[PDB]
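Below you will find the structure I want to go over with you.
Quick note on labels: first sequence line is chain A, next is B, and so on, each numbered from 1. As a basis for the values below, the full set of heavy atoms in this structure was taken, side chains included, without hydrogen atoms, waters or symmetry mates.
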Amino acid sequence: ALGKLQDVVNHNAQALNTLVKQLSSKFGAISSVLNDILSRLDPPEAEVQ
Amino acid sequence: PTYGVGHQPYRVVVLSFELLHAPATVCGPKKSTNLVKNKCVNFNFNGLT
Amino acid sequence: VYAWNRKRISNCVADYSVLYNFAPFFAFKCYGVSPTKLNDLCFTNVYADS
């Protein structure tokens, strides 16, 4: 009966979850963690990553 | 030995590692510090900052 | 090169500063890690292929 309102709630949390999920994406880089990139590379290539 | 560079024998050693996806057994010379509870700290556990 | 030697390195603490101190290494090229950051990191699956 109350599907419409729950749908709005369902969309909002899912959008945030997707955005949160996007932090675990390498995006063509060596790692998805910035701290690892800083701890592992010199600034000329760390800047690229 | 009479040949010029580009044909002289070269010794190559390849050091291969893996990054953080397993328990680590080879570490750097950094000294271990004591553990503190319930405070905001910047920690380094086995290369994870 | 056809029968290259592979040595496993494990359960040790490595000082890379001495590698810098004495070095006739004309080529010293690293791909996935900085040469100067090696003393601050922990590793496993370490292999030397000679």
Side-chain angles (χ1 to χ4, degrees), chain A residues 9-49, chain B, chain C:
Chain A
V9 171
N10 286 358
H11 292 299
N12 288 306
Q14 170 199 261
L16 288 176
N17 290 340
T18 301
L19 185 74
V20 160
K21 175 69 66 74
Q22 282 296 96
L23 286 183
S24 74
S25 299
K26 311 246 173 185
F27 293 122
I30 55 160
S31 185
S32 58
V33 178
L34 281 171
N35 283 333
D36 292 8
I37 291 181
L38 294 174
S39 82
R40 279 164 58 179
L41 293 181
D42 280 337
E45 60 268 18
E47 160 166 358
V48 178
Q49 304 300 310
Chain B
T2 55
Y3 289 96
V5 291
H7 298 290
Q8 281 177 26
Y10 270 67
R11 282 179 181 212
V12 175
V13 168
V14 184
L15 300 178
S16 177
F17 301 100
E18 80 90 15
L19 262 305
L20 214 68
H21 285 73
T25 44
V26 181
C27 286
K30 292 199 59 180
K31 297 285 99 181
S32 310
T33 305
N34 193 353
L35 58 93
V36 294
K37 299 280 185 154
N38 307 80
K39 263 173 295 291
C40 185
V41 289
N42 44 329
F43 48 80
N44 190 338
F45 283 77
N46 308 11
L48 175 70
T49 60
Chain C
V1 71
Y2 91 99
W4 50 272
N5 182 59
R6 185 166 191 106
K7 185 166 178 58
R8 178 176 175 81
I9 287 97
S10 60
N11 191 6
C12 75
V13 46
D15 190 5
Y16 302 88
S17 192
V18 302
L19 266 65
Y20 263 109
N21 290 344
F22 51 97
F25 310 143
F26 291 99
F28 184 80
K29 186 198 306 177
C30 297
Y31 274 74
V33 63
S34 168
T36 191
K37 296 290 184 171
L38 287 178
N39 278 41
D40 299 335
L41 302 186
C42 278
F43 301 110
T44 180
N45 271 266
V46 183
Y47 292 99
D49 310 332
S50 61

Say you draw a straight line from CG of C:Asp49 to NZ of C:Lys7; how long is it, rounded to the nearest 0.5 Å?
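If I round to the nearest 0.5 Å, the distance is 12.5 Å.
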Would you indicate whether A:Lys26, at its atom NZ, is surrounded by more than 12 heavy atoms from other residues, nucleotides or ligands within a distance under 6.0 Å?
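Yes, because the 6.0 Å sphere around NZ of A:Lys26 holds more than 12 heavy atoms from other groups.
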Please check if atom CD in B:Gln8 has more than 12 non-hydrogen atoms from other residues, nucleotides or ligands closer than 6.0 Å.
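Yes, because the 6.0 Å sphere around CD of B:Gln8 holds more than 12 heavy atoms from other groups.
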A:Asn35 side chain to B:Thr49 main-chain N or O, any donor-acceptor pair under 3.5 Å?
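Looks like yes, one N/O pair under 3.5 Å.
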In terms of ring plane angle, is the pair B:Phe45 and B:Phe43 parallel, tilted or perpendicular, where the classes change at 30° and 60°?
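Judged by the thresholds at 30° and 60°, the geometry between B:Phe45 and B:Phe43 is perpendicular.
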Side-chain heavy-atom pair C:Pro35, A:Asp42 within 4.5 angstrom cut-off
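They are in contact (side-chain heavy atoms under 4.5 Å apart), so the answer is yes.
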Under 4.5 Å between any side-chain heavy atoms of C:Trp4 and B:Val12, yes or no?
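A side-chain contact is absent here, since even the closest heavy-atom pair is not under 4.5 Å.
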For residues C:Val33 and C:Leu41, determine if any side-chain heavy atom of one lies less than 4.5 Å from a side-chain heavy atom of the other.
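Heavy-atom side-chain distance check passes, below 4.5 Å.
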Would you compute the distance between atom OG1 of B:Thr25 and atom CZ of C:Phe43 and round it to the nearest 0.5 angstrom?
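The distance works out to 11.5 Å.
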Knowing that exactly one of C:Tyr16, C:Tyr20, C:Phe22 qualifies, which makes a side-chain contact (heavy atoms from CB on, under 4.5 Å) with C:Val18?
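The option that passes is C:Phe22.
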CD-OH distance between B:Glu18 and C:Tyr47, expressed to the nearest 0.5 angstrom:
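Between B:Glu18 CD and C:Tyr47 OH, I get 10.5 Å after rounding to 0.5 Å.
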Counting only heavy atoms not in B:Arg11, do more than 12 fall under 6.0 Å of its CZ?
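No, the 6.0 Å shell around CZ holds no more than 12 heavy atoms from other groups.
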Straight-line distance of C:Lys37 NZ to A:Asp36 CG, nearest 0.5 Å
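Spacing of NZ (C:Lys37) from CG (A:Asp36) equals 12.0 Å.
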Look up atom CG in C:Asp15 and atom CG in C:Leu38, then write down how far apart they are to the nearest 0.5 Å.
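It is 11.0 Å, given to the nearest 0.5 Å.
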So how far is it from A:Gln14 CD to A:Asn12 CG, rounded to the nearest 0.5 Å?
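Those atoms lie 9.5 Å apart.
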In terms of the angle between their ring planes, are C:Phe26 and B:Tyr10 parallel, tilted or perpendicular, with boundaries placed at 30° and 60°?
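Correct class here is tilted.
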Do A:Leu41 and A:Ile30 touch side chain to side chain, with heavy atoms closer than 4.5 Å?
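In short, these two side chains touch, coming nearer than 4.5 Å.
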Counting only heavy atoms not in A:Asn17, do more than 12 sit closer than 6.0 Å to its CG atom?
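For A:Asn17, atom CG is crowded (more than 12 foreign heavy atoms under 6.0 Å).
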